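Notes for the structure review
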Amino acid sequence: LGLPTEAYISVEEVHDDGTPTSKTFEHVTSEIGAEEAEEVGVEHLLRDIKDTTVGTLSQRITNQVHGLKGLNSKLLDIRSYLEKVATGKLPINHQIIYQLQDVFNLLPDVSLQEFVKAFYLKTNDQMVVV
Amino acid sequence: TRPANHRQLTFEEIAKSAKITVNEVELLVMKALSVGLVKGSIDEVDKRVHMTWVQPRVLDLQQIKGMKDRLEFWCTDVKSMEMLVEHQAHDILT
Amino acid sequence: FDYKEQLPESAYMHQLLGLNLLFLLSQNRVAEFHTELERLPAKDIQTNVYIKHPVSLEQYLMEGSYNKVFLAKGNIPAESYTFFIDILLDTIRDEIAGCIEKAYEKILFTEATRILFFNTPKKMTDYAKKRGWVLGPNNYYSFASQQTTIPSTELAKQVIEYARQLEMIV
């Protein structure tokens, strides 16, 4: 489901909330990328079990199913952490609570009429092309 | 507290909340938006406030439990659609 | 209708045949009614009285001239045509209902009594005590008129079906 690399950097700083300070790690975003001299190698090594670099409808539906898999996994992780926090086995992390309530903030609305209208309109256009 | 489904806040609702008559709820929402606390818009022909955002703050354990319950419901929905699609597309998953 | 060649003509037949037609109309079996009319010969529809009367009642009931249907009560070729006139009045009341709850907005008490030819005013409560179209609002005969979310799941099913028939090998 995830990249094999998770990256951290050490930060000691007076916490703004006044909780006692100790030397602990902080996350730094990670990615996997390659120079061309290494793409020529990874491509050759993986050519046997490669996936076509083009959207075959089956592959795209597979991609969406995998996306749902991943969304479920992440939501389960968030729920487990929140349950632990509520029952008290873990302390509260204000950064995590901030991000979660911002996610909920960003949830969209679909029952709104001038969105159902637009969705139907563009669905119909797409299906005329189909 | 209000979820996005009906996050439309009515002026009468605001007035029944913090006690101000409804001719300066416009100014209250004005200052709220100006300070950067709540984003959105005011549609006062029908007397409503579309809040599209809120200054995230530090919550309590009860509020975190509320969020956990909402995550549970959301996960149930996601898993249901996940199963439906995977069951109806079983023959075209590579 | 079967042993026609052998059987001698029975003048005492159209009575029961038309009475059967009346029974079909009584139990609202319009399909069977017209099937049996078709079975009948052509002339009898316009010549005989015993058959013409049930034919007339059905024609009126389909047109919607319920007043003519009622006024036909006195006009009965033979008294045998009985108890099916009564079941027919009951079925007519049911059909009038059907109309009322399918396409109206609200009918007050006096107008309901006027339209639905109920029993005496005291029993006029009938068919509301029986069918009960959620009556009650404001005036008890407010008729409670018996008159937007994306079907995401169904659309997903159909689109996946397109993909399935497009990607399967055949």
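Residue labels used throughout are counted from 1 along each chain in written sequence order rather than taken from the entry, whose numbering may differ, and residues without coordinates are not included. Working convention: letters from A go to chains and numbers from 1 go to ligands, in the order in which they are written. Because the shown chains make up only part of a larger assembly, each value pertains to the shown part and nothing beyond it. Processing note: side-chain calculations cover all non-hydrogen atoms of the structure and skip hydrogens and water entirely.

Points about unusual backbone geometry
All names here are of chain C. The cut-off we apply is this: The secondary structure listing takes helices from DSSP runs of H or I that are at least 4 residues long and strands from runs of E that are at least 2 residues long, numbered from the N terminus. Any residue under 20% of the maximum accessible area for its type is buried, any over 50% is exposed, and the rest in between are partly exposed; the area is computed with a 1.4 Å probe on protein chains only.
The residue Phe-83 is not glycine, and still its phi comes out positive at about 75°. Among the structural elements, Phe-83 can be located in the loop between α5 (66-71) and α6 (84-102). In this structure, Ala-144 is a non-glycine residue whose phi angle is positive, near 40°. Note on placement: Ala-144 falls in the loop between α7 (109-115) and α8 (152-167). The exposure class of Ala-144 is buried, given its relative accessible area of 15%.

Comments concerning the sheet that holds strand β3 (residues 48-51) of chain B
Residue and element names in this part refer to chain B. Under the convention used in this document: Between any two strands, pairing holds if DSSP finds at least two bridges. As a rule, the C-alpha atoms of each element are fitted with a line to give its axis, helices using only the stretch in contact, and angles between N-to-C directions run from 0 to 180 degrees.
Strand order in the open sheet formed by three strands is β1-β3-β2, with antiparallel pairing between adjacent strands. Of all strands in the sheet, those with a lone pairing partner are β1 (8-10) and β2 (40-43), marking the two edges. When strand polarity is set aside, the average angle formed by the axes of neighbouring strands in this sheet is 20°. Pairing between β1 and β3: three bridges, direction antiparallel. In the sheet register, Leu-9 faces β3, and the bridge partner there is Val-49.

Digging into the packing of aromatic side chains
Quick note on the threshold: Centres within 6.5 Å make a pair out of two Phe, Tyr or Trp rings, where for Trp the six-membered ring is used; the pair is then stacked when the planes are under 30 degrees apart, edge-to-face when over 60, and tilted otherwise. Counted as over-ring charges are cases with an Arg CZ or a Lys NZ within 6 Å of the ring centre that also lie within 35 degrees of the ring normal.
Scanning the model with the defined rule gives 10 aromatic pairs over all chains in all. Between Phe-104 of chain A and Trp-74 of chain B the ring centres are 6.2 Å apart and the planes differ by 90°, which places this aromatic pair in the edge-to-face class. Taken together, the positions of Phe-104 of chain A in helix α3 (residues 94-106) and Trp-74 of chain B in helix α3 (residues 61-88) put the pair across two chains. With a centroid separation of 6.1 Å and 45° between ring planes, the pair formed by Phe-83 of chain C and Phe-84 of chain C is classed as tilted. Among the residues examined, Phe-83 of chain C registers a relative accessible area of 53% and is labelled exposed. A connected cluster of aromatic rings, assembled from ring pairs, spans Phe-23, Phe-83 and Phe-84 of chain C. Sitting over the face of the ring of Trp-53 of chain B, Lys-39 of chain B holds its NZ or CZ atom 5.3 Å from the ring centroid. Against the face of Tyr-60 of chain C rests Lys-68 of chain C, its NZ or CZ located 3.6 Å from the ring centre.

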